Amino acid sequence: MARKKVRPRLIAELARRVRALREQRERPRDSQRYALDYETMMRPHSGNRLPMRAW
Amino acid sequence: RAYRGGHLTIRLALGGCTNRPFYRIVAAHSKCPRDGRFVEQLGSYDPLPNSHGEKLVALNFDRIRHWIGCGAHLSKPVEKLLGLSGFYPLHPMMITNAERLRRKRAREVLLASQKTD
Amino acid sequence: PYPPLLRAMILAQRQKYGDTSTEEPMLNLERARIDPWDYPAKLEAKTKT
Amino acid sequence: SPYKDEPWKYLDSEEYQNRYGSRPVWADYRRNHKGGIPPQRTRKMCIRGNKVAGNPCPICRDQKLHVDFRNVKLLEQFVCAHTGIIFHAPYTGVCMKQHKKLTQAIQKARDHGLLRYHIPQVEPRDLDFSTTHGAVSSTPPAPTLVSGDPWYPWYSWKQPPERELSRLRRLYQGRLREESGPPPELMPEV
Amino acid sequence: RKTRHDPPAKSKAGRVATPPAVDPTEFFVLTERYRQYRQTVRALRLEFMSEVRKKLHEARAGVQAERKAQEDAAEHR
Amino acid sequence: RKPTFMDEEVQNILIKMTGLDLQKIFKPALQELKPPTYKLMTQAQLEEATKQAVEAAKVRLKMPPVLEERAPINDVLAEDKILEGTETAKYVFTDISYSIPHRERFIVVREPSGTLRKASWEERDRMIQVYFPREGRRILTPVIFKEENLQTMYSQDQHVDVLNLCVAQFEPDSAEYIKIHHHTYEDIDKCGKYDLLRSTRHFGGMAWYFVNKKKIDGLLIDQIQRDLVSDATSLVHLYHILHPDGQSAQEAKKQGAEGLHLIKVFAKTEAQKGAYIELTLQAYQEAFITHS
Amino acid sequence: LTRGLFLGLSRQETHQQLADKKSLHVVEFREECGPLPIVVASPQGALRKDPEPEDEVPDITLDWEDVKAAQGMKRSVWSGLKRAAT
Amino acid sequence: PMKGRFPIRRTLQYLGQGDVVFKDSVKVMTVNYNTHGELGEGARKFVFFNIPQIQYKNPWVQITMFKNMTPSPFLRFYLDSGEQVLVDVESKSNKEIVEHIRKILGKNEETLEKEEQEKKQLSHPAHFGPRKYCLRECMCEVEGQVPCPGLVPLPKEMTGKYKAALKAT
RNA sequence: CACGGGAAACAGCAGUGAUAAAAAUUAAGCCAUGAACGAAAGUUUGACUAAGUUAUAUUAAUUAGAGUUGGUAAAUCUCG
RNA sequence: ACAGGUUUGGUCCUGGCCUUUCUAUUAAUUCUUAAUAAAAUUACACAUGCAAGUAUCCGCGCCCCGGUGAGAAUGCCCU
Ligand SMILES: [Mg+2]
Ligand SMILES: [Mg+2]
Ligand SMILES: [Mg+2]
Ligand SMILES: [Mg+2]
Ligand SMILES: [Mg+2]
Ligand SMILES: [Mg+2]
Ligand SMILES: [Mg+2]
Ligand SMILES: [Mg+2]
Ligand SMILES: [Mg+2]
Ligand SMILES: [Mg+2]
Ligand SMILES: [Mg+2]
Ligand SMILES: [Mg+2]
Ligand SMILES: [Mg+2]
Ligand SMILES: [Mg+2]
Ligand SMILES: [Mg+2]
Ligand SMILES: [Mg+2]
Ligand SMILES: [Mg+2]
Ligand SMILES: [Zn+2]
Ligand SMILES: [Zn+2]
């Protein structure tokens, strides 16, 4: 809240902007995203493994 | 404290002392600690059977249905309690576990008359 | 049917206000319709009204 | 002590009367301590096994005194006359053990009415007493109950269609378990 | 509990959950039970939401609320 | 139109027979004391304070209700055979809502047998106590009401205190409340101890009991030896109200009986001991007429 | 201390003395006896018909100690202490 | 409290026992009085005795005094609507002023009792918790129930230790 | 503050160095409550439950040792 | 505070210091067994193990619980 001496945090804004930008620019093509390794049953992108029942 | 998300819920807080459990039925935010802050106290449930062989449950029915009416969510054990009371239909899982229990008694009956032989 | 206690509460509640009708209290499931889990959910963001 | 079963006897005896007079049992006893203000709770217990400790209490110095719920003439001394409250242990000077003993005794005694205390006038619990309301009075049994049926159709176990069972069997294949039939009606014991 | 940024264990690494044995009969029965039960309770829940609509509207814009308002205004003048 | 304990007739008769004794009504109580207060009054202000005190003592005198016994509650709300062996104990469900009257709360019980029934009376009261405790009630029924302890308390003549315990502990329409009030009345009758309840709020109780049980002997005799005959005649009057058709009440209509003569009427026709009544009436009449 | 004490106690004004100088009944209200007006002293001689002037707000010297006691601002660890009998 | 002219009016009791409670329409009460004149007397005693009582029970209402502006004593009340109540207090007694104000914008004893009734239904008897908010903490302390093992140690069977040492063997 | 930069993080449970007058298990379970996810049976959870350790505190008994003896302030004799 | 000791050859006054009560940590000396509660030098550095997954793929969860009191006169109560 408001205390009369409160400091102006600048970098708080900078990091928001920059993160949103690097998010939009590096936003993954779903071609590589859902790409799947059929031997290991493992996503390269997320490092996630698929549930046993879906094999 | 400020949270990101999560819903209103009716659950059991666990009060008690080691080996002697006790529960405060409670309407609380979901993301807050079990025994912690709550919105409103609803009832109490004492699991240990007393002098008369009763488990005491207390339900503030008016307030309970006020909150259900605001879309609060129930815990599986609160569901089981209401159902037992008859304020909700039996929870399917109560019924099923009952059946399983019956079949266990059956197979132990047969195993008993098989071992006796 | 209403569940056993709730039915009792409603019965007694209408006896108190002088409504004698013994017509059974009934719970209306028309709006309780829910789609099975297989039914696909819409990915489209909701317009707030 | 010879008295035992009849403790009250010792209070009417001539040696009691001789020893204590009409004063209370504790009137002449003084607790020994380090300064102006005594320690806020008395010595724990003044007899450990065979050893009787120092300058013993009013109650434990005279072994013929018995604390029961029964002798009111003894217990009466440890309650205020006017205020009907029990003296704290320092006031009298009894040891904590006997003070607790006393408290419990005076309790039992009041609970058998052998000793007097204040019973307030209280109203009745209810404003208007009417046995009319549904809660207390019999309800018109639901049409499910009269017949002998389960309150809902689905409390009862109903055998599934074979097409559906086979369908499941296809879905969960190899992860399957032994199919189970109807549940036994009533549950037997050991 | 762990955090978004706390790397998973090395043992848990090559492991994914193993689902339980399915008893087809009991399981079907159960699914029906749940569908019904949830229907009933959805009904009940709607019943109660309505009750709250009523009570709120009644203790806001209802009869005696207006009586209070008018009477107090008049007393005041 | 069978006369009831709350009928203005019977209320006025009993209020009258009770009597206001301001020294017994307001009696030093064993509670924690605080130093007294002093004010300076006229004769006027003193009379006013006394009259206020009297009105207060009226409220202190308000009779605890008398009710006939309540009917046992047996109602099954449901039977679920499926739950049968699932629990060893019973669940007891108490609606607790701050608005609801305690005679209207729902108290439900799931048994091990699976049936969901309404709670019995005693269970119900015990339960209400648990969740809405009010001082003077123990949940477990106190030892003092066993016959032994009760007899002990009658021998120290605490009868007032017993009645008060009882009013706090049990419920006026209960089985125990009625059992204990009647057993107590019975004991003040066996011993002739009636004056113990005199300026008590409990007087009309044994009045209404003795009228309906048709023992007025002891209470008439007592009332006359205390040199209160206005009360003895109010009492026979009451007896007549609650037994409109009976030989005494009818003969009092025939002979057109004045109060003292009314007591004579009753002495002749109905009362079990006419010897003591006539003798005491004799002694009172003669001795009083010669003294004043 | 003992001079002061005896002086003080000597100068007590009895209820009868008070009754007589004001010429009224002095009436004692116990708390345990309720509203019942115990009459302690009566003015031998002729009682007034005149009520005492009612002072809405009295002017009395107050001791800050008693006021502090009444309002629960005395927190001293030495005051509540359990002591032996008189 | 010793210092002061009428020390009893600095006591919590005296402040409590004054009864006026404004309606919620009242925001500002302004007193205007004089330091002299016989007529003004009552108003002065009002400022001396009751203003403290009043304020204490209406802590959110700005009260403001002005001395020797007008030839005559008065109160003015400023309400939320913009309405302005003007009360001429002239030869009126201290008491009469308090009563007349209580009459105009007070709260009926009915109102006050309803309010305090809504505040006393706030702490429910059947709940459990910290001594501050509740009558009981555990249910360990209700008569028929199972007692806090910190008092009466449990039968060995109900102990989890015993159950575990049983299942092990 | 965290784009960047020092640099490579237990102020999660246990542990350990250092440091301080200051010293709990590198333990067992998800059986109960809670939480996450699942349509669901259910799975996971060092939250927690039940245990381990410790005179820190209460209580209960199986347990006797400490301090003090000029006055305040209960209690002393003979030697050095 | 129900107070007590101590200024002086002595008395009174004024005025400090201390005693008597209650709790917690640590230490010394002593220590039999249970139960319950509580567990605390360190915002210094950390070996090893574990603390977040579920789920027919998407998704949804992942300092929420738990930890700590470093910082800030922060802030309490209330719009
Ligand atoms: Mg995933
Ligand atoms: Mg605990
Ligand atoms: Mg940072
Ligand atoms: Mg650690
Ligand atoms: Mg971390
Ligand atoms: Mg170390
Ligand atoms: Mg430590
Ligand atoms: Mg060590
Ligand atoms: Mg779990
Ligand atoms: Mg689980
Ligand atoms: Mg584990
Ligand atoms: Mg000097
Ligand atoms: Mg000297
Ligand atoms: Mg000094
Ligand atoms: Mg240590
Ligand atoms: Mg925290
Ligand atoms: Mg700073
Ligand atoms: Zn002793
Ligand atoms: Zn407990």
# chains A, B, ... in the order shown; residues from 1 in each chain; ligands from 1
$ closest_atom_pairs --of "chain E" --to "chain B" --cutoff "9 Å" --atoms "only C-alpha atoms" --output "Markdown table"
| residue | atom | partner | partner_atom | distance |
| --- | --- | --- | --- | --- |
| E:26 | CA | B:96 | CA | 8.2 |
| E:30 | CA | B:92 | CA | 7.0 |
| E:33 | CA | B:92 | CA | 5.6 |
| E:34 | CA | B:92 | CA | 6.0 |
| E:37 | CA | B:92 | CA | 7.0 |
| E:40 | CA | B:89 | CA | 7.8 |
| E:41 | CA | B:88 | CA | 7.4 |
| E:44 | CA | B:88 | CA | 8.6 |
| E:45 | CA | B:69 | CA | 6.0 |
| E:46 | CA | B:69 | CA | 7.2 |
| E:47 | CA | B:69 | CA | 7.9 |
| E:48 | CA | B:69 | CA | 4.6 |
| E:49 | CA | B:69 | CA | 4.1 |
| E:50 | CA | B:69 | CA | 7.6 |
| E:51 | CA | B:69 | CA | 7.6 |
| E:52 | CA | B:69 | CA | 6.5 |
$ write_last_selection --atoms "N, CA and C atoms" --output "mmCIF file, in the first residue's frame"
data_model
loop_
_atom_site.group_PDB
_atom_site.id
_atom_site.type_symbol
_atom_site.label_atom_id
_atom_site.label_comp_id
_atom_site.auth_asym_id
_atom_site.auth_seq_id
_atom_site.Cartn_x
_atom_site.Cartn_y
_atom_site.Cartn_z
ATOM 1 N N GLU E 26 -18.469 -54.688 -11.726
ATOM 2 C CA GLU E 26 -18.501 -53.706 -10.665
ATOM 3 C C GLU E 26 -18.279 -52.316 -11.220
ATOM 4 N N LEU E 30 -20.841 -49.204 -11.032
ATOM 5 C CA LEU E 30 -20.310 -48.016 -10.400
ATOM 6 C C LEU E 30 -20.476 -46.765 -11.242
ATOM 7 N N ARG E 33 -24.027 -45.718 -11.046
ATOM 8 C CA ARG E 33 -24.231 -45.145 -9.732
ATOM 9 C C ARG E 33 -23.782 -43.693 -9.700
ATOM 10 N N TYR E 34 -22.565 -43.443 -10.164
ATOM 11 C CA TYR E 34 -22.038 -42.089 -10.154
ATOM 12 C C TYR E 34 -22.832 -41.135 -11.013
ATOM 13 N N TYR E 37 -26.217 -40.436 -9.141
ATOM 14 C CA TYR E 37 -25.920 -39.699 -7.933
ATOM 15 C C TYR E 37 -25.598 -38.255 -8.267
ATOM 16 N N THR E 40 -28.735 -36.321 -9.311
ATOM 17 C CA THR E 40 -29.528 -35.970 -8.143
ATOM 18 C C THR E 40 -28.946 -34.746 -7.437
ATOM 19 N N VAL E 41 -27.662 -34.832 -7.104
ATOM 20 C CA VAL E 41 -26.996 -33.766 -6.373
ATOM 21 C C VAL E 41 -26.929 -32.468 -7.168
ATOM 22 N N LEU E 44 -30.347 -30.985 -6.536
ATOM 23 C CA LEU E 44 -30.342 -30.420 -5.194
ATOM 24 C C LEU E 44 -29.624 -29.083 -5.140
ATOM 25 N N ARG E 45 -28.444 -29.042 -5.745
ATOM 26 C CA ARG E 45 -27.601 -27.855 -5.738
ATOM 27 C C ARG E 45 -28.315 -26.684 -6.403
ATOM 28 N N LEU E 46 -29.039 -26.978 -7.476
ATOM 29 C CA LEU E 46 -29.791 -25.934 -8.162
ATOM 30 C C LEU E 46 -30.942 -25.417 -7.302
ATOM 31 N N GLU E 47 -31.626 -26.357 -6.658
ATOM 32 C CA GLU E 47 -32.648 -26.062 -5.657
ATOM 33 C C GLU E 47 -32.177 -25.037 -4.621
ATOM 34 N N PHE E 48 -30.980 -25.274 -4.098
ATOM 35 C CA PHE E 48 -30.396 -24.379 -3.104
ATOM 36 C C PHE E 48 -29.944 -23.016 -3.669
ATOM 37 N N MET E 49 -29.363 -22.999 -4.872
ATOM 38 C CA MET E 49 -29.027 -21.717 -5.515
ATOM 39 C C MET E 49 -30.268 -20.835 -5.645
ATOM 40 N N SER E 50 -31.366 -21.465 -6.047
ATOM 41 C CA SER E 50 -32.640 -20.770 -6.115
ATOM 42 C C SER E 50 -33.051 -20.226 -4.747
ATOM 43 N N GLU E 51 -33.015 -21.078 -3.718
ATOM 44 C CA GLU E 51 -33.321 -20.619 -2.354
ATOM 45 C C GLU E 51 -32.566 -19.349 -1.993
ATOM 46 N N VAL E 52 -31.293 -19.283 -2.380
ATOM 47 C CA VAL E 52 -30.475 -18.099 -2.100
ATOM 48 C C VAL E 52 -30.915 -16.877 -2.904
#
$ select_by_dssp --residues "chain B" --states "strand (DSSP E)" --output "PyMOL selection string"
chain B and resi 8-17+20-29+40-46+54-59+73-74
$ residues_near_ligand --ligand "ligand 17" --cutoff "9 Å" --atoms "only C-alpha atoms (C1' of nucleotides) and all ligand atoms" --output "NGL selection string"
:J and (71-73)
$ write_last_selection --atoms "N, CA, C and O atoms (P, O5', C5', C4', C3', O3' and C1' of nucleotides)" --output "PDB file, in the first residue's frame"
ATOM      1  P     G J  71      17.442  -7.415   9.124  1.00  0.00           P
ATOM      2  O5'   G J  71      16.589  -6.657   8.007  1.00  0.00           O
ATOM      3  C5'   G J  71      17.179  -6.262   6.773  1.00  0.00           C
ATOM      4  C4'   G J  71      16.133  -5.935   5.732  1.00  0.00           C
ATOM      5  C3'   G J  71      15.264  -4.717   6.017  1.00  0.00           C
ATOM      6  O3'   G J  71      15.890  -3.533   5.540  1.00  0.00           O
ATOM      7  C1'   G J  71      13.904  -6.554   5.355  1.00  0.00           C
ATOM      8  P     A J  72      15.838  -2.152   6.361  1.00  0.00           P
ATOM      9  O5'   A J  72      14.288  -1.777   6.355  1.00  0.00           O
ATOM     10  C5'   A J  72      13.633  -1.383   5.154  1.00  0.00           C
ATOM     11  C4'   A J  72      12.140  -1.284   5.355  1.00  0.00           C
ATOM     12  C3'   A J  72      11.683  -0.431   6.535  1.00  0.00           C
ATOM     13  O3'   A J  72      11.584   0.944   6.176  1.00  0.00           O
ATOM     14  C1'   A J  72      10.551  -2.523   6.560  1.00  0.00           C
ATOM     15  P     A J  73      12.041   2.116   7.175  1.00  0.00           P
ATOM     16  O5'   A J  73      10.663   2.761   7.639  1.00  0.00           O
ATOM     17  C5'   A J  73      10.373   2.947   9.019  1.00  0.00           C
ATOM     18  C4'   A J  73       9.052   2.325   9.403  1.00  0.00           C
ATOM     19  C3'   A J  73       8.039   3.278  10.041  1.00  0.00           C
ATOM     20  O3'   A J  73       6.721   2.862   9.678  1.00  0.00           O
ATOM     21  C1'   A J  73       8.522   1.533  11.542  1.00  0.00           C
TER      22        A J  73
END
$ residues_around --residues "residue 22 of chain H" --least-positions-apart "5" --cutoff "8 Å" --atoms "only C-alpha atoms (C1' of nucleotides)" --output "NGL selection string"
:H and (58 or 102 or 105-107)
$ write_last_selection --atoms "N, CA, C and O atoms" --output "mmCIF file, in the first residue's frame"
data_model
loop_
_atom_site.group_PDB
_atom_site.id
_atom_site.type_symbol
_atom_site.label_atom_id
_atom_site.label_comp_id
_atom_site.auth_asym_id
_atom_site.auth_seq_id
_atom_site.Cartn_x
_atom_site.Cartn_y
_atom_site.Cartn_z
ATOM 1 N N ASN H 58 -20.869 7.580 19.778
ATOM 2 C CA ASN H 58 -20.947 7.846 18.341
ATOM 3 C C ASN H 58 -19.612 8.236 17.786
ATOM 4 O O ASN H 58 -19.473 9.311 17.216
ATOM 5 N N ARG H 102 -32.346 13.030 21.763
ATOM 6 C CA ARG H 102 -32.614 11.600 21.707
ATOM 7 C C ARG H 102 -33.930 11.337 20.992
ATOM 8 O O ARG H 102 -34.053 10.368 20.242
ATOM 9 N N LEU H 105 -33.302 12.656 16.495
ATOM 10 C CA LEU H 105 -32.586 11.538 15.899
ATOM 11 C C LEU H 105 -31.855 10.733 16.949
ATOM 12 O O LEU H 105 -30.708 10.998 17.278
ATOM 13 N N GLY H 106 -32.531 9.704 17.421
ATOM 14 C CA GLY H 106 -31.971 8.731 18.323
ATOM 15 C C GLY H 106 -31.993 7.403 17.621
ATOM 16 O O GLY H 106 -31.944 7.327 16.403
ATOM 17 N N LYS H 107 -32.063 6.348 18.413
ATOM 18 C CA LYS H 107 -32.539 5.067 17.937
ATOM 19 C C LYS H 107 -33.496 4.518 19.000
ATOM 20 O O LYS H 107 -33.183 4.539 20.192
#
$ residues_near_ligand --ligand "ligand 14" --cutoff "12 Å" --atoms "only C-alpha atoms (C1' of nucleotides) and all ligand atoms" --output "PDB file with C-alpha atoms (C1' of nucleotides), in the first residue's frame"
ATOM      1  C1'   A J   3       4.801  -5.486  51.908  1.00  0.00           C
ATOM      2  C1'   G J   4      10.142  -6.247  53.780  1.00  0.00           C
ATOM      3  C1'   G J   5      16.002  -5.124  54.123  1.00  0.00           C
ATOM      4  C1'   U J   6      19.574  -0.962  53.660  1.00  0.00           C
ATOM      5  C1'   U J   7      21.516   6.139  54.506  1.00  0.00           C
ATOM      6  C1'   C J  13      11.324  13.123  55.857  1.00  0.00           C
ATOM      7  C1'   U J  14      12.815  12.508  50.914  1.00  0.00           C
ATOM      8  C1'   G J  15      15.085   9.036  47.678  1.00  0.00           C
ATOM      9  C1'   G J  16      17.392   5.066  45.115  1.00  0.00           C
ATOM     10  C1'   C J  17      19.192  -0.078  45.315  1.00  0.00           C
ATOM     11  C1'   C J  18      17.769  -4.932  46.715  1.00  0.00           C
ATOM     12  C1'   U J  19      14.424  -9.056  48.709  1.00  0.00           C
TER      13        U J  19
END
